[PDB]
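Just below is one structure, and these are the notes that go with it.
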Amino acid sequence: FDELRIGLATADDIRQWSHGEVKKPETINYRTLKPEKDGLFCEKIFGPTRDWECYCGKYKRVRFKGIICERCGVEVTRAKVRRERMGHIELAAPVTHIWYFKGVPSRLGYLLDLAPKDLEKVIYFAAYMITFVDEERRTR
Amino acid sequence: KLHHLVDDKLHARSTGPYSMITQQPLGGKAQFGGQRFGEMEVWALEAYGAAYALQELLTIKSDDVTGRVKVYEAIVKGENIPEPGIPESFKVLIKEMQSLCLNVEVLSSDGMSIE
Amino acid sequence: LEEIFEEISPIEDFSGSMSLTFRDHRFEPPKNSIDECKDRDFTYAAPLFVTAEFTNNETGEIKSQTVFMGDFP
Amino acid sequence: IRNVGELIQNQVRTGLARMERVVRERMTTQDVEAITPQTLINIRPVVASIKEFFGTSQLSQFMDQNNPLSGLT
Amino acid sequence: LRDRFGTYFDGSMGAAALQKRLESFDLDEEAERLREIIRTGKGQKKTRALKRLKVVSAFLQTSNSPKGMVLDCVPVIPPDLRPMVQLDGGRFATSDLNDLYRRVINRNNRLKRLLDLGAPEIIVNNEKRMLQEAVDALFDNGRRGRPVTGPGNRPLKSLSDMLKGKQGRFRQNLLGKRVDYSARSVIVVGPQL
Amino acid sequence: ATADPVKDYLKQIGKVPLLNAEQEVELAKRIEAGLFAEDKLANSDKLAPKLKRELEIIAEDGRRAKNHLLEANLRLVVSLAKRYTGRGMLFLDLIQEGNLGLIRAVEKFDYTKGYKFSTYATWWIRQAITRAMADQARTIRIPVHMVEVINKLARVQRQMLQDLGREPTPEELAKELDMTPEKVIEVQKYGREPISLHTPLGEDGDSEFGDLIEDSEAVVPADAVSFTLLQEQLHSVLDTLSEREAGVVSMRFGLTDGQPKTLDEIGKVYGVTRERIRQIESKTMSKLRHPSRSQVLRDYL
Ligand SMILES: [Zn+2]
């Protein structure tokens, strides 16, 4: 503990943090009460709900820890790992971080010299932009 | 005779239930809850210069999952109290701020740090 | 209760053909005695009825029937 | 001061307004000669509002029976 | 503008346009021109150029690129930190983050499905706007217009809301914590002590 | 771009030409014309370029007609979504799902039916809206068959309450759907909703519901230290016994490793038979059962 460096989290960094990808909104099946596959709470991405106990029934013991069963993919380990591991969601279309915009001009910064009304009308799909022009080609 | 009887107010706690989202002790009398060490309490302890009492009152006595079992074991076995670890609420904070797209990296002077 | 019932005028559709009249409201004795409700965890309530009259100009007929809206604490 | 009567009356009023909206929707989505007062009126809003008042509301306060004076006050 | 002439100007809408702009944004020339403006300038325009220089230089000196403004992948809180704990009585107890993540995942899935099949520009644009609103509500619910009320009784908790205020993490679970080995009781006077 | 995005969506619908009969039958005619054009284009047989471009043009015109019909009925779906609002799904989300259902209906609609589009659409709009309501409204996802079972039970129960004027008994309820009371109880319990942790506790600001419930995973320090003392006492008592006896009993009960080894599995690394090991294990059990090495272990249970 010497310095808590902080900064913008690029897409590559968030991918590196993630141990998988979240593809469904499922949380838990209404009958077995167990986390679903590839949704929220999934053990294949976050961790085993019980200590060293996988999902499909294959491994229930502490002896053979640190292994990945090919059936459900849950990596047997302590249940505490669920508190540490985190996932990510891949958006089909990019979006903007609400924090940096919609605020004072020390965080937004006028990095693009456009009024806040313009951004509000552009990022929420109410007006177009000219991202680039071949002005030299037009003049030629 | 008022209803502010001492029997209702008397509460005590060696160690009891703990909260879930954050591993600190939960409050109340019905659930064996530790008293809160507010912001002004830590200010007052800083005014004395007592850093070690603060360090145990923030780490050993709450918010550190690995430390509580160890300190109970050491007290019972008579061994000296072990070194406190990092707290859990700080880990929760860094994990949360990592979830706002802020790559909060804990680094050492000589490259990466050991935790 | 009767004032709030009368405040609600009979509903008229876009054609204005039909109407419902809530004329009179009435009570019945509560089924559970106060000690009984206290002991067995029941809300001390009584039934409240009201007479709803169905009238349509197209049909030119009036149909009356009592309805019950639930227990009233 | 909104005495207990007026508070309960306001809750009954909003419940009956929801009932009126629901029955108006039903008339808009119902055929003539199959409409009777029994079937059309839905009693869920009135009961669910008069029950959502006496529970989960600031004015419907837990009695303190510390002594008769506490009850009166 | 598109039909009468093309292959000359490139246009877009939404956060994609901003990402394209920041990708090709050249902050060095902007900093140089703003320095020139600061050298010879007057009025509140000077203050605006000052703020623009502050942020542009802060981005220039730092190695991190400006494209971090437009996130592409939304991180997800670890499940234990947003617990769906079993509760006695067959009921359940959930954090509002569960609902917010569900909303963004649902909208992302529908966006994907709309892109798979040939769909109109209006519906897909509105769907992308819904995704934007969902992500914004996830990070900060209540920062634009009405909040995502969820059940309707109260606004939902948000990732930033958990990190802010009297009840936030900073002032309620890091500076002031509960503690074991403690007690409380009324006090009486003892003069013989 | 404003708050309450549904208003901006409504303005985005704007003013579009509503379709009378001949208008939409002509639109469907050119829709199928473009469909046949793109079908012909899809064939591998060579078509000279000008006719292929003409086919593509009519296909594009059919796509424009498609878009016209979609924007024409956007209004229809908004009313239909309003018909289903207030059930745990945001109104604009229901509107988008209705848009998906309308896209399906248009892709499956044609003038071969002697009826207006508005009549054929609403079935598929309601289909999509109800499917999405079943599959996305509840935090704990409920399968569609289970959703219909629970909603049927709910509505028939409301009907019974309406007729009898009282809460129906579970048995009268059971006979109504024709299922057993057990299924009634299961369906009643499966139809609940989670309560948010981040809710007022009842006081002004005494935190929220997420700091009044204790967890179960937290290692109780008392139990942990008691178990460690048990481990130490058990190891010492085993050390009191002979080396081979302690080793074989520990293997038989995994005091060194979480997996105990059954008898013949002990009889491989030690070089003794499956039965010799059995007898010495029995003697170890008898010796441990002696009152000598039992007073200390009795208190630990
Ligand atoms: Zn498995």
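Naming works like this for the structure tokens: A, B, ... for the chains as they're shown, residue 1 at the start of each chain, ligands 1 onward in shown order.
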Q: List all protein, DNA and RNA residues that have any atom at most 6 Å from ligand 1, counting only C-alpha atoms and all ligand atoms, and write the list as a count of residues only.
A: 10
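Every chain A residue lying within 7 Å of chain B, based on only C-alpha atoms, is listed here: residues 1, 2, 3, 4, 5, 6, 7, 8 and 9 of chain A.
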Can you write out the residues you just picked, keeping N, CA and C atoms, as a PDB file, in the first residue's frame?
ATOM      1  N   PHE A   1       0.842  -1.229   0.000  1.00  0.00           N
ATOM      2  CA  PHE A   1       0.000   0.000   0.000  1.00  0.00           C
ATOM      3  C   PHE A   1       0.859   1.255   0.000  1.00  0.00           C
ATOM      4  N   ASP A   2       1.078   1.808  -1.189  1.00  0.00           N
ATOM      5  CA  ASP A   2       1.849   3.031  -1.368  1.00  0.00           C
ATOM      6  C   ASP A   2       1.104   4.098  -2.151  1.00  0.00           C
ATOM      7  N   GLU A   3       0.293   3.711  -3.135  1.00  0.00           N
ATOM      8  CA  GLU A   3      -0.431   4.682  -3.947  1.00  0.00           C
ATOM      9  C   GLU A   3      -1.617   3.994  -4.604  1.00  0.00           C
ATOM     10  N   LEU A   4      -2.772   4.662  -4.589  1.00  0.00           N
ATOM     11  CA  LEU A   4      -3.984   4.159  -5.235  1.00  0.00           C
ATOM     12  C   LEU A   4      -4.173   4.892  -6.558  1.00  0.00           C
ATOM     13  N   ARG A   5      -3.465   4.430  -7.583  1.00  0.00           N
ATOM     14  CA  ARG A   5      -3.605   5.032  -8.900  1.00  0.00           C
ATOM     15  C   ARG A   5      -4.999   4.758  -9.451  1.00  0.00           C
ATOM     16  N   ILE A   6      -5.618   5.789 -10.023  1.00  0.00           N
ATOM     17  CA  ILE A   6      -6.970   5.716 -10.563  1.00  0.00           C
ATOM     18  C   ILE A   6      -6.943   6.326 -11.957  1.00  0.00           C
ATOM     19  N   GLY A   7      -7.851   5.887 -12.819  1.00  0.00           N
ATOM     20  CA  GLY A   7      -7.917   6.449 -14.151  1.00  0.00           C
ATOM     21  C   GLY A   7      -9.073   5.877 -14.940  1.00  0.00           C
ATOM     22  N   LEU A   8      -9.185   6.338 -16.183  1.00  0.00           N
ATOM     23  CA  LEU A   8     -10.202   5.822 -17.088  1.00  0.00           C
ATOM     24  C   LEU A   8      -9.965   4.339 -17.338  1.00  0.00           C
ATOM     25  N   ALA A   9     -11.032   3.548 -17.271  1.00  0.00           N
ATOM     26  CA  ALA A   9     -10.966   2.113 -17.519  1.00  0.00           C
ATOM     27  C   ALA A   9     -11.331   1.861 -18.976  1.00  0.00           C
TER      28      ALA A   9
END
Q | Contacts of segment 65-68 of chain A within 8 Å, only C-alpha atoms, excl. fewer than 6 positions in-chain, as JSON, numbers by chain | A | {"A": [52, 74, 75, 76, 77]}
For C-alpha atoms, I'd like the residues from the last selection saved as a tab-separated table (two decimals), in the first residue's frame.
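This went into again26.tsv:
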chain	number	residue	atom	x	y	z
A	52	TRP	CA	-15.57	-26.55	-3.26
A	74	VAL	CA	-17.34	-24.26	-12.24
A	75	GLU	CA	-13.85	-23.97	-10.76
A	76	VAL	CA	-13.95	-25.61	-7.33
A	77	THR	CA	-12.59	-23.25	-4.68
Q) Given a cut-off of 8 Å, which residues of chain B touch chain E, counting only C-alpha atoms, written out as a ChimeraX atom specification? A) /B:6,9-16,21-22,24-27,33-39,42,57-58,61-63,89-90,92-93,95-96,98-101
Q.
Set the cut-off to 8 Å and count only C-alpha atoms: what are the residues of chain A that reach chain E? Output as a ChimeraX atom specification.
A. /A:7-11,14-15,18,23-26,40-41,46,82-100,102,105-107,109-111,122-135,137-138
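Residues of chain F having any atom within 10 Å of chain C, counting only C-alpha atoms, are residues 161, 162, 163, 164, 165, 166 and 167 of chain F.
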Q: Within 10 Å of residue 68 of chain B, counting only C-alpha atoms, which residues show up once you throw out same-chain ones fewer than 3 positions away? Write them as an MDAnalysis selection string, please.
A: (chainID B and resid 15 59:65 71:74 84) or (chainID E and resid 180) or (chainID F and resid 219:221)
Q: Compute the set of chain F residues within 10 Å of chain A, using only C-alpha atoms, and express it as a VMD selection string.
A: chain F and resid 1 to 2 5 8 12 135 to 136 138 to 143 146 186 190 to 191 217 257 to 259
Could you give me, as JSON lines, every chain B residue with an atom at most 6 Å from chain F, plus its closest atom pair and distance in Å to one decimal, counting only C-alpha atoms, rows ordered by chain then number?
{"residue": "B:17", "atom": "CA", "partner": "F:214", "partner_atom": "CA", "distance": 5.7}
{"residue": "B:18", "atom": "CA", "partner": "F:214", "partner_atom": "CA", "distance": 5.6}
{"residue": "B:19", "atom": "CA", "partner": "F:214", "partner_atom": "CA", "distance": 5.2}
{"residue": "B:20", "atom": "CA", "partner": "F:215", "partner_atom": "CA", "distance": 5.2}
{"residue": "B:69", "atom": "CA", "partner": "F:221", "partner_atom": "CA", "distance": 4.9}
{"residue": "B:73", "atom": "CA", "partner": "F:225", "partner_atom": "CA", "distance": 5.4}
Q | Neighbours of chain F in chain E at 7 Å, counting only C-alpha atoms, as a list in words | A |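 Residues passing the distance filter: residues 90, 91, 92, 93, 94, 95, 96, 120, 144, 145, 146, 157 and 167 of chain E.
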Serialized selection, N, CA, C and O atoms, as an mmCIF file, in the first residue's frame:
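And here's selection-v4.cif as it stands now:
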data_model
loop_
_atom_site.group_PDB
_atom_site.id
_atom_site.type_symbol
_atom_site.label_atom_id
_atom_site.label_comp_id
_atom_site.auth_asym_id
_atom_site.auth_seq_id
_atom_site.Cartn_x
_atom_site.Cartn_y
_atom_site.Cartn_z
ATOM 1 N N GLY E 90 -40.161 -18.390 2.237
ATOM 2 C CA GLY E 90 -40.318 -18.500 0.805
ATOM 3 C C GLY E 90 -40.203 -17.192 0.057
ATOM 4 O O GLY E 90 -40.337 -17.187 -1.173
ATOM 5 N N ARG E 91 -39.959 -16.085 0.755
ATOM 6 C CA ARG E 91 -39.814 -14.783 0.128
ATOM 7 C C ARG E 91 -38.384 -14.638 -0.385
ATOM 8 O O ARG E 91 -37.610 -15.599 -0.413
ATOM 9 N N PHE E 92 -38.017 -13.429 -0.801
ATOM 10 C CA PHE E 92 -36.684 -13.171 -1.314
ATOM 11 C C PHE E 92 -36.276 -11.749 -0.971
ATOM 12 O O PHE E 92 -37.113 -10.888 -0.694
ATOM 13 N N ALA E 93 -34.967 -11.517 -0.989
ATOM 14 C CA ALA E 93 -34.393 -10.210 -0.715
ATOM 15 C C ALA E 93 -33.331 -9.923 -1.764
ATOM 16 O O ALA E 93 -32.365 -10.681 -1.895
ATOM 17 N N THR E 94 -33.511 -8.833 -2.505
ATOM 18 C CA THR E 94 -32.663 -8.499 -3.638
ATOM 19 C C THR E 94 -32.200 -7.056 -3.533
ATOM 20 O O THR E 94 -32.886 -6.218 -2.943
ATOM 21 N N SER E 95 -31.037 -6.776 -4.104
ATOM 22 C CA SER E 95 -30.559 -5.410 -4.238
ATOM 23 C C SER E 95 -31.001 -4.842 -5.577
ATOM 24 O O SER E 95 -31.205 -5.575 -6.549
ATOM 25 N N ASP E 96 -31.148 -3.519 -5.624
ATOM 26 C CA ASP E 96 -31.644 -2.879 -6.836
ATOM 27 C C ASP E 96 -30.672 -3.029 -7.997
ATOM 28 O O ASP E 96 -31.088 -2.936 -9.162
ATOM 29 N N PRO E 120 -35.833 -1.252 -39.114
ATOM 30 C CA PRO E 120 -35.799 0.157 -39.521
ATOM 31 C C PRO E 120 -34.839 0.964 -38.664
ATOM 32 O O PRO E 120 -34.405 0.549 -37.588
ATOM 33 N N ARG E 144 -30.862 12.382 -14.724
ATOM 34 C CA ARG E 144 -31.555 12.990 -15.855
ATOM 35 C C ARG E 144 -33.044 12.723 -15.717
ATOM 36 O O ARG E 144 -33.466 11.563 -15.714
ATOM 37 N N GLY E 145 -33.828 13.792 -15.614
ATOM 38 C CA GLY E 145 -35.271 13.644 -15.567
ATOM 39 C C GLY E 145 -35.705 12.804 -14.386
ATOM 40 O O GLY E 145 -35.102 12.838 -13.309
ATOM 41 N N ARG E 146 -36.762 12.034 -14.590
ATOM 42 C CA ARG E 146 -37.251 11.175 -13.526
ATOM 43 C C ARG E 146 -36.310 9.985 -13.341
ATOM 44 O O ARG E 146 -35.699 9.524 -14.309
ATOM 45 N N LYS E 157 -31.633 2.071 -6.000
ATOM 46 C CA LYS E 157 -30.257 2.401 -5.628
ATOM 47 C C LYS E 157 -29.382 2.247 -6.856
ATOM 48 O O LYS E 157 -29.668 1.417 -7.708
ATOM 49 N N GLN E 167 -25.381 7.958 3.859
ATOM 50 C CA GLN E 167 -25.464 6.507 3.937
ATOM 51 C C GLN E 167 -24.510 5.805 2.981
ATOM 52 O O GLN E 167 -24.532 4.573 2.903
#
Q.
For a quick test of understanding: name the residues of chain B lying within 12 Å of chain D when counting only C-alpha atoms, and present them as a VMD selection string.
A. chain B and resid 1 to 4
Q: Kindly provide, as a VMD selection string, the residues of chain C having any atom no farther than 10 Å from an atom of chain D, counting only C-alpha atoms.
A: chain C and resid 1 3 to 5 7 to 14 18 20 to 21 43 51 to 56 58 to 59 63 to 73
Q) When DSSP works through the backbone of this structure, what residues of chain B end up as strand (DSSP E), shown as a PyMOL selection string? A) chain B and resi 11-13+36-37+105-107
Q. So what do you get for atom CA of residue 49 of chain C versus atom CA of residue 26 of chain C, distance-wise?
A. 5.3 Å
